[PDB]
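This document starts with one chain, in the form deposited in one PDB entry, laid out as structure tokens.
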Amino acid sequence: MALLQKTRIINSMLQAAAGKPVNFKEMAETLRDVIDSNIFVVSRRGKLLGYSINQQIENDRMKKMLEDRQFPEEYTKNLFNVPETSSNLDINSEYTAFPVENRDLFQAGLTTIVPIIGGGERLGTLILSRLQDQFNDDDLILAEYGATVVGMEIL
């Protein structure tokens, strides 16, 4: 579908979502649907405010993080070192969203890190991940729109 179709899907969601209580799961699912990627909305200290999986997780340590709604400390602290969007980070990146013990299986795994910013303040991080298919400009447009509005719906 055109980008205009995908932005219309996000917009339709945002237009209905006010003034119901904020739903970060719904925002994560909508972004998963239009970007075709796993989506994690991560607080400054690693809390999963919302997420949506595009591919089943066959890693017990990762499935635990979802259940706990919490990402690891060191991983989470290091996200602050990325000040702007950084896309298509591969399995060997310290920022990868794939479990390092399964690097071989996820050799084609790609990760995009999108700072969520909220008032001169870093409020969290929007993480996107998927296999094989490089993120493009349209994906970034949609990811950054999501991160921006998430930053608004966070406040």
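The first residue of the shown sequence is 1; numbering continues from there. We call the rigid core whatever largest set of C-alpha positions still superposes within 1.5 Å between the two forms.
Participant: Comparing 56-64 with 36-44, which has the greater mean CA B-factor as deposited?
Facilitator: The deposited B-factors put 56-64 ahead on the C-alpha mean.
Participant: Looking at the deposited entry, does 85-93 or 112-120 carry the larger mean Cα B-factor?
Facilitator: Comparing 85-93 with 112-120, the higher mean C-alpha B-factor belongs to 112-120.
Participant: Reading the B-factor column of the entry, which of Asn11, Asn136, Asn23, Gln132 has the highest value at its C-alpha atom?
Facilitator: Answer, based on the entry's C-alpha B-factors: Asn23.
Participant: Lowest, middle or highest third of the chain for the C-alpha temperature factor of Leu140?
Facilitator: Middle third by C-alpha B-factor.
What comes next is about the form deposited in another entry, which does not appear here.
Participant: Taking only shifts of 2 Å or more in Cα after a rigid core superposition between this form and the one not shown, tell me which of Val114, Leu123, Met65, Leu49 qualifies.
Facilitator: Result of the superposition: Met65 is the only one at 2 Å or more.
Participant: Using the rigid core as the reference frame, would you say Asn88 shifts its C-alpha by 2 Å or more between this form and the one not shown?
Facilitator: False for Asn88: its C-alpha shift is below 2 Å.
Participant: Superposing on the rigid core, is the CA of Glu101 displaced by 2 Å or more between this form and the one not shown?
Facilitator: Moves: yes, 2 Å or greater.
Participant: Is the C-alpha displacement of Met13 equal to or greater than 2 Å between this form and the one not shown once the rigid core has been superposed?
Facilitator: Shift of 2 Å or more: yes.
Participant: Is the CA-CA spacing of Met13 and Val149 tighter or wider in the other form than here, given a 3 Å or more change?
Facilitator: The answer is closer, because the C-alphas of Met13 and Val149 approach each other in the other form by 3 Å or more.
Participant: Please say whether the CA atoms of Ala17 and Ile113 come closer or move farther apart in the other form, knowing the change relative to this form is 3 Å or more.
Facilitator: Farther apart in the other form, by 3 Å or more.
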